[PDB]
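First the structure, in the form of structure tokens, and then the observations on it.
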Amino acid sequence: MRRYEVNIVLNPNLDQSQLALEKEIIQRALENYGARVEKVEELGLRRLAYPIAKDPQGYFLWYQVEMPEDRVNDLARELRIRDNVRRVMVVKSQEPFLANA
Amino acid sequence: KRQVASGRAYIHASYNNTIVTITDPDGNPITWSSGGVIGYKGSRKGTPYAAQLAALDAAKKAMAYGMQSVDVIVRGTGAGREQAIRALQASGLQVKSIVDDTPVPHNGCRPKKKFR
Amino acid sequence: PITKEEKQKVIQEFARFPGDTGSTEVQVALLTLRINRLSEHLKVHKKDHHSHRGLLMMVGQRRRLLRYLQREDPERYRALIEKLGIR
Amino acid sequence: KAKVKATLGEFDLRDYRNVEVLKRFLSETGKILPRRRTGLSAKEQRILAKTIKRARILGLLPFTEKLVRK
RNA sequence: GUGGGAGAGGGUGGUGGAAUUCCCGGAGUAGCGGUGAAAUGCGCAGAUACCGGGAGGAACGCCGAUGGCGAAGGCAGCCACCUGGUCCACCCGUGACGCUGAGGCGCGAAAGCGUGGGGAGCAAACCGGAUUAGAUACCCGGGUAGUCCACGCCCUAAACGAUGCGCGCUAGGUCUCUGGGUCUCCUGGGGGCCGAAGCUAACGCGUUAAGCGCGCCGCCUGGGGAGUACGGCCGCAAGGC
Ligand SMILES: [Mg+2]
Ligand SMILES: [Mg+2]
Ligand SMILES: [Mg+2]
Ligand SMILES: [Mg+2]
Ligand SMILES: [Mg+2]
Ligand SMILES: [Mg+2]
Ligand SMILES: [Mg+2]
Ligand SMILES: [Mg+2]
Ligand SMILES: [Mg+2]
Ligand SMILES: [Mg+2]
Ligand SMILES: [Mg+2]
Ligand SMILES: [Mg+2]
Ligand SMILES: [Mg+2]
Ligand SMILES: [Mg+2]
Ligand SMILES: [Mg+2]
Ligand SMILES: [Mg+2]
Ligand SMILES: [Mg+2]
Ligand SMILES: [Mg+2]
Ligand SMILES: [Mg+2]
Ligand SMILES: [Mg+2]
Ligand SMILES: [Mg+2]
Ligand SMILES: [Mg+2]
Ligand SMILES: [Mg+2]
Ligand SMILES: [Mg+2]
Ligand SMILES: [Mg+2]
Ligand SMILES: [Mg+2]
Ligand SMILES: [Mg+2]
Ligand SMILES: [Mg+2]
Ligand SMILES: [Mg+2]
Ligand SMILES: [Mg+2]
Ligand SMILES: [Mg+2]
Ligand SMILES: [Mg+2]
Ligand SMILES: [Mg+2]
Ligand SMILES: [Mg+2]
Ligand SMILES: [Mg+2]
Ligand SMILES: [Mg+2]
Ligand SMILES: [Mg+2]
Ligand SMILES: [Mg+2]
Ligand SMILES: [Mg+2]
Ligand SMILES: [Mg+2]
């Protein structure tokens with residue numbers, strides 16, 4: 001198992017009934033693919049640099065997990081299925097390379 | 001018959017012609033002119049004089065609809081691309097701002113033999 | 001790929017003695033494992049030709065060490081080939 | 001002119017999510033500054049280019065912008 | 001072996017924005033386009049220019065470099081999986097296990113061929129417009145095969161560093177990529193520029209040798225005829241050795 005970082009941006013117009021559903025759906029998808037969650041950072045409403053899906057903002061999520069490597073691309077396929085889910089980018093974790101130290 | 005009094009003005013300047021369109025803040029055009037709308041016919045349209053007269057013809061057409069404030073957009077390089085702007089500032093229309101939005105691709109399509 | 005967990009498993013199995021890391025038997029074992037990792041990677045991905053080159057270099061090196069073992073001590077050569085299922 | 005690394009602190013060059021600092025490395029347009037203007041090293045600029053492209057796909061850094069002059 | 005390291009190295013899938021074309025709507029009149037000038041072309045069935053939305057294919061701007069990777073061909077969005085090569089620190093292990101390499105086998109830009117897809121842009125042939133003494137061309141408008149993908153052939157090149165490979169030896173200075181180090185620097189492995197000795201017909205090369213040596217393979221012996229004829233092998237063909 002390697003360690004990855006998940007970036008999810010969904011439609012920033014959801015109420016709490018839809019936001020809890022979309023997010024607990026992301027929880028259920030991680031359980032089926034064996035993603036041990038290490039920490040979570042939720043930014044939320046953030047000003048986008050260009051329109052995405054005709055919408056000028058986006059609700060941001062970030063998960064750091066440890067999972068088997070072979071199932072990553074099938075996990076990316078499972079997240080983009082949801083309509084509200086718009087951006088899915090999974091990056092292998094890396095060390096914080098410093099500059100001007 | 002519109003009474004807009006404010007809007008955008010696009011300048012599409014090529015090496016073969018310079019053409020000006022005047023619109024409203026949403027993008028929909030009001031009037032327009034070019035090097036061919038005025039008497040010039042051939043290569044004379046890609047000249048700075050034609051670029052000046054075309055800019056001023058559209059400006060007087062926008063006065064009919066009551067235009068005072070004007071935001072300027074410019075696309076393309078060519079003779080008279082600057083002479084049209086300089087004509088537009090002294091056209092009575094108080095020029096609000098000037099933006100260059102010339103579309104540059106990310107090397108997506110293969111150009112004609114001319115451009116290679 | 002090939003983690004150091006699986007690596008130590010092979011070295012300790014084919015070592016002539018504790019601490020031995022570079023015996024000819026140990027080199028051929030390690031070479032053979034990467035052969036089977038690539039030959040299975042080349043069953044699929046049949047159009048990967050740059051990886052195909054590295055496999056020829058490993059086969060040439062594996063046969064280079066076996067041809068050496070054949071000359072010096074032919075017994076350990078047979079005990080090695082029978083243990084890896086080659087030739 | 002000053003350079004970006006000269007007027008800055010100790011920052012993470014691999015953090016694609018820190019837009020406040022990565023906006024410093026973009027020009028007036030969405031373009032990426034050359035090394036002459038960022039004051040970075042060879043290896044640093046290569047990492048910055050990749051982490052900027054990541055932020056671009058996350059809607060955080062603009063692909064291209066509009067120049068207000070001329 | 002151990003521990004680290006950089007990378008358009010490769011293969012597979014996924015994915016992002018810009019732009020071109022086309023469709024839909026909104027708005028909007030008289031031309032746009034193109035050239036040294038023009039004309040064919042397109043436009044009142046409403047184009048060009050502008051806003052919004054959609055479809056599709058192909059190529060990845062800036063970063064980008066005189067840079068990096070690869071045995072060569074060659075490899076540029078991003079993400080992930082699979083994966084090759086290579087380099088450095090430790091001085092740990094085996095104990096000459098090495099070098100080259102006629103055949104063989106595998107790879108091999110583009111173009112072309114077969115089968116089936118795909119088809120936005122570009123574009124042989126070809127259809128036109130000009131130029132011209134003429135235009136079987138450069139310039140202009142259209143446009144098919146093809147360029148893209150899958151599978152199978154084809155084996156050529158300015159396939160270039162016009163420099164086969166490996167090793168040892170022979171002043172340095174300077175720019176650089178990437179490691180390690182007691183980090184004005186030293187020490188490696190590549191990528192450039194000047195230049196000692198020396199070589200070379202000269203231009204020029206010069207620790208990345210074209211220098212001094214050694215091992216092995218390939219090849220050369222006047223031009224035209226001619227990379228043609230015959231024969232053979234290979235190929236569906238074009239044709240290749
Ligand atoms: Mg979706
Ligand atoms: Mg003209
Ligand atoms: Mg790669
Ligand atoms: Mg690749
Ligand atoms: Mg329409
Ligand atoms: Mg007509
Ligand atoms: Mg008509
Ligand atoms: Mg008609
Ligand atoms: Mg179509
Ligand atoms: Mg460039
Ligand atoms: Mg080349
Ligand atoms: Mg690797
Ligand atoms: Mg020793
Ligand atoms: Mg020893
Ligand atoms: Mg001993
Ligand atoms: Mg060899
Ligand atoms: Mg051979
Ligand atoms: Mg070929
Ligand atoms: Mg081809
Ligand atoms: Mg074909
Ligand atoms: Mg064309
Ligand atoms: Mg043509
Ligand atoms: Mg003549
Ligand atoms: Mg004629
Ligand atoms: Mg010669
Ligand atoms: Mg020689
Ligand atoms: Mg250092
Ligand atoms: Mg190299
Ligand atoms: Mg060097
Ligand atoms: Mg001399
Ligand atoms: Mg000579
Ligand atoms: Mg020199
Ligand atoms: Mg030498
Ligand atoms: Mg010959
Ligand atoms: Mg003769
Ligand atoms: Mg020939
Ligand atoms: Mg004969
Ligand atoms: Mg023959
Ligand atoms: Mg035959
Ligand atoms: Mg021929």
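Identifiers in this document derive from the order of the structure tokens: chains are assigned A, B, ..., residues are numbered from 1 separately in each chain, and ligands are numbered from 1 in order of occurrence.
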Using only C-alpha atoms (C1' of nucleotides), which protein or nucleic acid residues come within 8 Å of residue 79 in chain B? Drop anything in the same chain fewer than 6 positions from it, and give the result as a ChimeraX atom specification. /B:13-15,46-48
Take the selection from the previous step and output its residues with C-alpha atoms, as a JSON list (two decimals), in the first residue's frame.
[["chain", "number", "residue", "atom", "x", "y", "z"],
["B", 13, "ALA", "CA", -7.39, 43.76, -37.15],
["B", 14, "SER", "CA", -5.84, 41.53, -39.81],
["B", 15, "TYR", "CA", -3.13, 42.21, -42.35],
["B", 46, "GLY", "CA", -5.73, 46.88, -44.42],
["B", 47, "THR", "CA", -4.34, 50.39, -44.16],
["B", 48, "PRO", "CA", -4.31, 52.53, -40.99]]
Would you name the residues within 9 Å of ligand 21, counting only C-alpha atoms (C1' of nucleotides) and all ligand atoms, and put them as a PDB file with N, CA and C atoms (P, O5', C5', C4', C3', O3' and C1' of nucleotides), in the first residue's frame?
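Heads up, here's the output in out_29.pdb:
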ATOM      1  N   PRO B 111      -1.394  24.740 -39.136  1.00  0.00           N
ATOM      2  CA  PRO B 111      -1.667  25.915 -39.967  1.00  0.00           C
ATOM      3  C   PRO B 111      -1.409  25.618 -41.435  1.00  0.00           C
ATOM      4  N   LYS B 112      -1.873  26.538 -42.272  1.00  0.00           N
ATOM      5  CA  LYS B 112      -1.601  26.448 -43.693  1.00  0.00           C
ATOM      6  C   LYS B 112      -0.101  26.589 -43.946  1.00  0.00           C
TER       7      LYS B 112
ATOM      8  P     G E 121     -12.197  21.549 -41.223  1.00  0.00           P
ATOM      9  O5'   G E 121     -10.689  21.822 -40.801  1.00  0.00           O
ATOM     10  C5'   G E 121     -10.325  23.012 -40.123  1.00  0.00           C
ATOM     11  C4'   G E 121      -8.872  22.983 -39.735  1.00  0.00           C
ATOM     12  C3'   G E 121      -7.890  22.864 -40.891  1.00  0.00           C
ATOM     13  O3'   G E 121      -7.600  24.110 -41.497  1.00  0.00           O
ATOM     14  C1'   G E 121      -7.376  21.234 -39.281  1.00  0.00           C
ATOM     15  P     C E 122      -7.426  24.213 -43.089  1.00  0.00           P
ATOM     16  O5'   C E 122      -6.085  23.403 -43.374  1.00  0.00           O
ATOM     17  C5'   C E 122      -4.837  23.852 -42.863  1.00  0.00           C
ATOM     18  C4'   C E 122      -3.776  22.790 -42.999  1.00  0.00           C
ATOM     19  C3'   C E 122      -3.463  22.349 -44.423  1.00  0.00           C
ATOM     20  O3'   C E 122      -2.534  23.207 -45.069  1.00  0.00           O
ATOM     21  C1'   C E 122      -3.755  20.446 -43.030  1.00  0.00           C
ATOM     22  P     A E 123      -2.689  23.556 -46.633  1.00  0.00           P
ATOM     23  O5'   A E 123      -2.530  22.146 -47.358  1.00  0.00           O
ATOM     24  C5'   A E 123      -1.277  21.479 -47.382  1.00  0.00           C
ATOM     25  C4'   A E 123      -1.421  20.034 -47.793  1.00  0.00           C
ATOM     26  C3'   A E 123      -1.925  19.788 -49.210  1.00  0.00           C
ATOM     27  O3'   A E 123      -0.891  19.875 -50.181  1.00  0.00           O
ATOM     28  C1'   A E 123      -3.114  18.414 -47.683  1.00  0.00           C
ATOM     29  P     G E 141      -6.135  30.918 -49.686  1.00  0.00           P
ATOM     30  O5'   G E 141      -7.523  30.482 -50.329  1.00  0.00           O
ATOM     31  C5'   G E 141      -8.556  31.431 -50.536  1.00  0.00           C
ATOM     32  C4'   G E 141      -9.632  30.887 -51.441  1.00  0.00           C
ATOM     33  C3'   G E 141     -10.146  29.497 -51.113  1.00  0.00           C
ATOM     34  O3'   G E 141     -11.062  29.483 -50.036  1.00  0.00           O
ATOM     35  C1'   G E 141      -9.764  29.666 -53.432  1.00  0.00           C
ATOM     36  P     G E 142     -11.188  28.181 -49.105  1.00  0.00           P
ATOM     37  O5'   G E 142     -11.370  26.985 -50.143  1.00  0.00           O
ATOM     38  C5'   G E 142     -12.147  25.843 -49.816  1.00  0.00           C
ATOM     39  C4'   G E 142     -12.656  25.148 -51.055  1.00  0.00           C
ATOM     40  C3'   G E 142     -12.505  23.633 -51.069  1.00  0.00           C
ATOM     41  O3'   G E 142     -13.544  22.965 -50.372  1.00  0.00           O
ATOM     42  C1'   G E 142     -11.665  24.513 -53.085  1.00  0.00           C
ATOM     43  P     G E 143     -13.214  22.039 -49.098  1.00  0.00           P
ATOM     44  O5'   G E 143     -12.668  20.687 -49.737  1.00  0.00           O
ATOM     45  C5'   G E 143     -13.434  19.968 -50.691  1.00  0.00           C
ATOM     46  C4'   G E 143     -12.548  19.189 -51.630  1.00  0.00           C
ATOM     47  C3'   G E 143     -11.646  18.148 -50.983  1.00  0.00           C
ATOM     48  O3'   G E 143     -12.319  16.918 -50.754  1.00  0.00           O
ATOM     49  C1'   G E 143     -10.376  19.486 -52.469  1.00  0.00           C
TER      50        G E 143
END
If you count only C-alpha atoms (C1' of nucleotides) and all ligand atoms, which residues end up within 12 Å of ligand 31, as a PyMOL selection string? chain E and resi 163+199-205+209-211
Using only C-alpha atoms (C1' of nucleotides), please write the residues we just selected to a file, as a PDB file, in the first residue's frame.
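Result written to result_34.pdb:
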ATOM      1  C1'   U E 163      33.234  10.182 -36.524  1.00  0.00           C
ATOM      2  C1'   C E 199      47.765  14.442 -34.867  1.00  0.00           C
ATOM      3  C1'   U E 200      45.653  16.186 -39.596  1.00  0.00           C
ATOM      4  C1'   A E 201      46.356  17.816 -46.713  1.00  0.00           C
ATOM      5  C1'   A E 202      43.985  21.946 -44.680  1.00  0.00           C
ATOM      6  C1'   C E 203      39.461  23.441 -42.285  1.00  0.00           C
ATOM      7  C1'   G E 204      39.869  21.734 -37.857  1.00  0.00           C
ATOM      8  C1'   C E 205      40.090  17.664 -33.420  1.00  0.00           C
ATOM      9  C1'   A E 209      40.180  12.367 -29.507  1.00  0.00           C
ATOM     10  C1'   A E 210      40.144  12.902 -35.166  1.00  0.00           C
ATOM     11  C1'   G E 211      46.150  12.271 -29.686  1.00  0.00           C
TER      12        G E 211
END
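Near ligand 38, at a distance of at most 12 Å and with only C-alpha atoms (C1' of nucleotides) and all ligand atoms counted, sit the residues residues 228, 229, 230, 231, 232, 233, 234, 239, 240 and 241 of chain E.
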Could you dump the residues just selected with N, CA, C and O atoms (P, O5', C5', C4', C3', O3' and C1' of nucleotides) as a PDB file, in the first residue's frame?
ATOM      1  P     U E 228      19.171  -0.135 -58.726  1.00  0.00           P
ATOM      2  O5'   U E 228      18.970  -0.560 -60.249  1.00  0.00           O
ATOM      3  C5'   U E 228      18.707   0.414 -61.249  1.00  0.00           C
ATOM      4  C4'   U E 228      19.370   0.075 -62.564  1.00  0.00           C
ATOM      5  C3'   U E 228      19.349  -1.389 -62.974  1.00  0.00           C
ATOM      6  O3'   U E 228      18.115  -1.784 -63.554  1.00  0.00           O
ATOM      7  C1'   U E 228      21.523  -0.503 -63.295  1.00  0.00           C
ATOM      8  P     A E 229      17.494  -3.235 -63.242  1.00  0.00           P
ATOM      9  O5'   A E 229      18.374  -4.228 -64.123  1.00  0.00           O
ATOM     10  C5'   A E 229      18.443  -4.078 -65.533  1.00  0.00           C
ATOM     11  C4'   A E 229      19.344  -5.111 -66.161  1.00  0.00           C
ATOM     12  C3'   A E 229      19.165  -6.536 -65.664  1.00  0.00           C
ATOM     13  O3'   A E 229      18.074  -7.204 -66.275  1.00  0.00           O
ATOM     14  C1'   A E 229      21.464  -5.995 -65.692  1.00  0.00           C
ATOM     15  P     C E 230      17.159  -8.208 -65.416  1.00  0.00           P
ATOM     16  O5'   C E 230      18.070  -9.502 -65.236  1.00  0.00           O
ATOM     17  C5'   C E 230      18.562 -10.211 -66.364  1.00  0.00           C
ATOM     18  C4'   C E 230      19.601 -11.228 -65.968  1.00  0.00           C
ATOM     19  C3'   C E 230      19.227 -12.138 -64.808  1.00  0.00           C
ATOM     20  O3'   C E 230      18.367 -13.205 -65.172  1.00  0.00           O
ATOM     21  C1'   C E 230      21.393 -11.283 -64.450  1.00  0.00           C
ATOM     22  P     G E 231      17.125 -13.591 -64.224  1.00  0.00           P
ATOM     23  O5'   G E 231      17.812 -14.380 -63.021  1.00  0.00           O
ATOM     24  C5'   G E 231      18.657 -15.494 -63.277  1.00  0.00           C
ATOM     25  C4'   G E 231      19.474 -15.877 -62.068  1.00  0.00           C
ATOM     26  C3'   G E 231      18.728 -15.973 -60.750  1.00  0.00           C
ATOM     27  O3'   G E 231      17.980 -17.166 -60.608  1.00  0.00           O
ATOM     28  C1'   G E 231      20.715 -14.764 -60.421  1.00  0.00           C
ATOM     29  P     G E 232      16.552 -17.119 -59.875  1.00  0.00           P
ATOM     30  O5'   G E 232      16.925 -17.038 -58.326  1.00  0.00           O
ATOM     31  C5'   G E 232      17.699 -18.056 -57.709  1.00  0.00           C
ATOM     32  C4'   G E 232      18.288 -17.604 -56.395  1.00  0.00           C
ATOM     33  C3'   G E 232      17.297 -17.180 -55.325  1.00  0.00           C
ATOM     34  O3'   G E 232      16.731 -18.278 -54.636  1.00  0.00           O
ATOM     35  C1'   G E 232      19.025 -15.580 -55.470  1.00  0.00           C
ATOM     36  P     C E 233      15.189 -18.234 -54.195  1.00  0.00           P
ATOM     37  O5'   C E 233      15.206 -17.414 -52.830  1.00  0.00           O
ATOM     38  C5'   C E 233      15.978 -17.863 -51.728  1.00  0.00           C
ATOM     39  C4'   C E 233      16.157 -16.780 -50.697  1.00  0.00           C
ATOM     40  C3'   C E 233      14.890 -16.062 -50.264  1.00  0.00           C
ATOM     41  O3'   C E 233      14.122 -16.788 -49.327  1.00  0.00           O
ATOM     42  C1'   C E 233      16.536 -14.466 -50.761  1.00  0.00           C
ATOM     43  P     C E 234      12.525 -16.811 -49.476  1.00  0.00           P
ATOM     44  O5'   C E 234      12.086 -15.377 -48.946  1.00  0.00           O
ATOM     45  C5'   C E 234      12.474 -14.941 -47.653  1.00  0.00           C
ATOM     46  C4'   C E 234      12.292 -13.455 -47.485  1.00  0.00           C
ATOM     47  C3'   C E 234      10.946 -12.889 -47.897  1.00  0.00           C
ATOM     48  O3'   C E 234       9.897 -13.152 -46.984  1.00  0.00           O
ATOM     49  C1'   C E 234      12.636 -11.529 -48.781  1.00  0.00           C
ATOM     50  P     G E 239       8.460   0.441 -58.092  1.00  0.00           P
ATOM     51  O5'   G E 239       9.259  -0.431 -57.026  1.00  0.00           O
ATOM     52  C5'   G E 239      10.494   0.011 -56.483  1.00  0.00           C
ATOM     53  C4'   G E 239      10.656  -0.456 -55.058  1.00  0.00           C
ATOM     54  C3'   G E 239      12.018  -1.022 -54.683  1.00  0.00           C
ATOM     55  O3'   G E 239      12.968  -0.019 -54.384  1.00  0.00           O
ATOM     56  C1'   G E 239      10.326  -2.473 -53.913  1.00  0.00           C
ATOM     57  P     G E 240      14.540  -0.335 -54.468  1.00  0.00           P
ATOM     58  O5'   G E 240      14.846  -1.123 -53.117  1.00  0.00           O
ATOM     59  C5'   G E 240      14.540  -0.552 -51.852  1.00  0.00           C
ATOM     60  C4'   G E 240      14.718  -1.553 -50.739  1.00  0.00           C
ATOM     61  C3'   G E 240      16.071  -2.246 -50.698  1.00  0.00           C
ATOM     62  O3'   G E 240      17.065  -1.466 -50.055  1.00  0.00           O
ATOM     63  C1'   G E 240      14.346  -3.853 -50.477  1.00  0.00           C
ATOM     64  P     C E 241      18.575  -1.473 -50.604  1.00  0.00           P
ATOM     65  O5'   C E 241      19.167  -2.844 -50.049  1.00  0.00           O
ATOM     66  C5'   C E 241      19.378  -3.036 -48.657  1.00  0.00           C
ATOM     67  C4'   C E 241      19.848  -4.437 -48.357  1.00  0.00           C
ATOM     68  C3'   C E 241      21.048  -4.933 -49.156  1.00  0.00           C
ATOM     69  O3'   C E 241      22.292  -4.483 -48.645  1.00  0.00           O
ATOM     70  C1'   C E 241      19.360  -6.576 -49.182  1.00  0.00           C
TER      71        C E 241
END
I need the residues in range 33-99 of chain A that are helix (DSSP H, G or I) according to DSSP; give them as a list in words. residues 33, 69, 70, 71, 72, 73, 74, 75, 76, 77, 78 and 79 of chain A
Select from chain A everything DSSP, run on the backbone, classes as strand (DSSP E), then give the selection as a tab-separated table (two decimals) with N, CA and C atoms, in the first residue's frame.
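Generated file (out-v3.tsv):
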chain	number	residue	atom	x	y	z
A	2	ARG	N	0.61	2.14	-0.97
A	2	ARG	CA	1.23	3.45	-1.00
A	2	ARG	C	0.23	4.50	-0.51
A	3	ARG	N	0.71	5.73	-0.37
A	3	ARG	CA	-0.05	6.83	0.20
A	3	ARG	C	-0.34	7.85	-0.89
A	4	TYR	N	-1.60	8.27	-0.99
A	4	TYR	CA	-2.06	9.15	-2.05
A	4	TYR	C	-2.80	10.35	-1.46
A	5	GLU	N	-3.15	11.28	-2.34
A	5	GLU	CA	-3.90	12.48	-1.99
A	5	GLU	C	-5.03	12.67	-3.00
A	6	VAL	N	-6.24	12.85	-2.51
A	6	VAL	CA	-7.45	12.92	-3.33
A	6	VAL	C	-7.97	14.35	-3.30
A	7	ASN	N	-8.26	14.90	-4.48
A	7	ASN	CA	-8.84	16.23	-4.62
A	7	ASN	C	-10.18	16.11	-5.34
A	8	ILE	N	-11.25	16.50	-4.65
A	8	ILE	CA	-12.60	16.42	-5.18
A	8	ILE	C	-13.23	17.80	-5.13
A	9	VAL	N	-13.76	18.25	-6.27
A	9	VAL	CA	-14.47	19.52	-6.37
A	9	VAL	C	-15.86	19.22	-6.91
A	10	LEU	N	-16.89	19.62	-6.17
A	10	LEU	CA	-18.27	19.37	-6.54
A	10	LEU	C	-19.03	20.69	-6.65
A	36	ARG	N	-7.77	3.41	3.65
A	36	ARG	CA	-7.62	3.81	5.04
A	36	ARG	C	-7.32	5.31	5.08
A	37	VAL	N	-8.26	6.09	5.60
A	37	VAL	CA	-8.14	7.55	5.59
A	37	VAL	C	-7.24	7.99	6.74
A	38	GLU	N	-6.26	8.84	6.43
A	38	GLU	CA	-5.29	9.31	7.42
A	38	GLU	C	-5.61	10.69	7.96
A	39	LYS	N	-6.06	11.62	7.11
A	39	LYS	CA	-6.52	12.92	7.57
A	39	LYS	C	-7.34	13.56	6.46
A	40	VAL	N	-8.05	14.63	6.82
A	40	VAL	CA	-9.00	15.28	5.93
A	40	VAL	C	-8.90	16.79	6.10
A	41	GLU	N	-8.98	17.51	4.99
A	41	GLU	CA	-9.03	18.97	4.99
A	41	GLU	C	-10.12	19.41	4.03
A	42	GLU	N	-11.11	20.14	4.54
A	42	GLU	CA	-12.25	20.60	3.76
A	42	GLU	C	-12.21	22.12	3.65
A	43	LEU	N	-11.95	22.63	2.45
A	43	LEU	CA	-11.90	24.06	2.20
A	43	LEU	C	-13.28	24.63	1.88
A	44	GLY	N	-13.99	24.01	0.95
A	44	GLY	CA	-15.34	24.45	0.61
A	44	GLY	C	-15.39	25.50	-0.49
A	45	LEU	N	-16.18	26.55	-0.26
A	45	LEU	CA	-16.38	27.58	-1.27
A	45	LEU	C	-15.08	28.31	-1.55
A	46	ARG	N	-14.60	28.21	-2.79
A	46	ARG	CA	-13.34	28.79	-3.21
A	46	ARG	C	-13.51	29.39	-4.59
A	47	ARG	N	-12.92	30.57	-4.79
A	47	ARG	CA	-13.05	31.28	-6.06
A	47	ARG	C	-12.20	30.59	-7.12
A	48	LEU	N	-12.85	30.13	-8.19
A	48	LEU	CA	-12.14	29.44	-9.25
A	48	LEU	C	-11.48	30.45	-10.20
A	49	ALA	N	-10.43	29.98	-10.88
A	49	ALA	CA	-9.71	30.81	-11.83
A	49	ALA	C	-10.34	30.80	-13.21
A	50	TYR	N	-11.29	29.91	-13.47
A	50	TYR	CA	-12.01	29.89	-14.73
A	50	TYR	C	-13.31	29.12	-14.52
A	51	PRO	N	-14.35	29.41	-15.30
A	51	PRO	CA	-15.63	28.72	-15.11
A	51	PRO	C	-15.50	27.22	-15.32
A	52	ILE	N	-16.03	26.45	-14.37
A	52	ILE	CA	-16.11	25.00	-14.46
A	52	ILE	C	-17.58	24.62	-14.40
A	55	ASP	N	-20.11	27.26	-13.78
A	55	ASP	CA	-20.18	27.73	-12.41
A	55	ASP	C	-18.86	28.37	-12.00
A	56	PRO	N	-18.89	29.59	-11.46
A	56	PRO	CA	-17.63	30.31	-11.18
A	56	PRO	C	-16.95	29.90	-9.89
A	57	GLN	N	-17.55	29.03	-9.08
A	57	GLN	CA	-16.96	28.59	-7.83
A	57	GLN	C	-16.94	27.07	-7.77
A	58	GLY	N	-16.31	26.55	-6.72
A	58	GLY	CA	-16.24	25.13	-6.51
A	58	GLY	C	-16.02	24.77	-5.05
A	59	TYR	N	-16.68	23.71	-4.60
A	59	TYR	CA	-16.54	23.24	-3.23
A	59	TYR	C	-15.45	22.18	-3.18
A	60	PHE	N	-14.39	22.45	-2.42
A	60	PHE	CA	-13.17	21.66	-2.47
A	60	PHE	C	-13.09	20.67	-1.31
A	61	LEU	N	-12.56	19.48	-1.61
A	61	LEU	CA	-12.30	18.44	-0.62
A	61	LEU	C	-10.88	17.93	-0.81
A	62	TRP	N	-10.32	17.38	0.27
A	62	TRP	CA	-8.98	16.81	0.20
A	62	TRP	C	-8.88	15.67	1.20
A	63	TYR	N	-8.54	14.48	0.72
A	63	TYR	CA	-8.32	13.32	1.56
A	63	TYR	C	-6.91	12.80	1.34
A	64	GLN	N	-6.31	12.27	2.40
A	64	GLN	CA	-5.02	11.58	2.34
A	64	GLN	C	-5.23	10.16	2.82
A	65	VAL	N	-4.95	9.18	1.96
A	65	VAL	CA	-5.28	7.79	2.23
A	65	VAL	C	-4.07	6.91	1.97
A	66	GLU	N	-4.21	5.65	2.38
A	66	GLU	CA	-3.25	4.59	2.09
A	66	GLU	C	-4.04	3.39	1.60
A	67	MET	N	-3.79	2.96	0.37
A	67	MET	CA	-4.61	1.94	-0.25
A	67	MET	C	-3.73	1.09	-1.17
A	85	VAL	N	-20.16	15.58	-8.66
A	85	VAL	CA	-18.71	15.47	-8.65
A	85	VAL	C	-18.18	15.92	-10.01
A	86	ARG	N	-17.29	16.91	-10.01
A	86	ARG	CA	-16.82	17.55	-11.23
A	86	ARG	C	-15.35	17.31	-11.51
A	87	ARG	N	-14.48	17.53	-10.52
A	87	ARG	CA	-13.05	17.36	-10.66
A	87	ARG	C	-12.57	16.27	-9.72
A	88	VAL	N	-11.83	15.30	-10.25
A	88	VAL	CA	-11.23	14.23	-9.47
A	88	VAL	C	-9.78	14.12	-9.91
A	89	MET	N	-8.85	14.45	-9.01
A	89	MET	CA	-7.42	14.34	-9.28
A	89	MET	C	-6.75	13.64	-8.11
A	90	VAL	N	-6.14	12.49	-8.39
A	90	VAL	CA	-5.47	11.68	-7.38
A	90	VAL	C	-3.97	11.72	-7.65
A	91	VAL	N	-3.20	12.12	-6.65
A	91	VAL	CA	-1.75	12.28	-6.78
A	91	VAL	C	-1.07	11.45	-5.70
A	92	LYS	N	-0.05	10.69	-6.10
A	92	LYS	CA	0.79	10.00	-5.14
A	92	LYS	C	1.46	11.02	-4.23
A	98	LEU	N	11.24	22.00	-0.13
A	98	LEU	CA	11.32	23.41	0.24
A	98	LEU	C	12.24	24.18	-0.70
A	99	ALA	N	11.99	25.49	-0.78
A	99	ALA	CA	12.85	26.39	-1.53
A	99	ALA	C	13.03	27.67	-0.72
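In this structure, the chain E residues at most 9 Å away from chain A are residues 13, 14, 15, 79, 80 and 81 of chain E, with only C-alpha atoms (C1' of nucleotides) considered.
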Quick check: residues of chain C within 12 Å of chain E, only C-alpha atoms (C1' of nucleotides), returned as a PyMOL selection string. chain C and resi 1-2+4+7-8+11-12+15-28+30+34+37-58+61-72
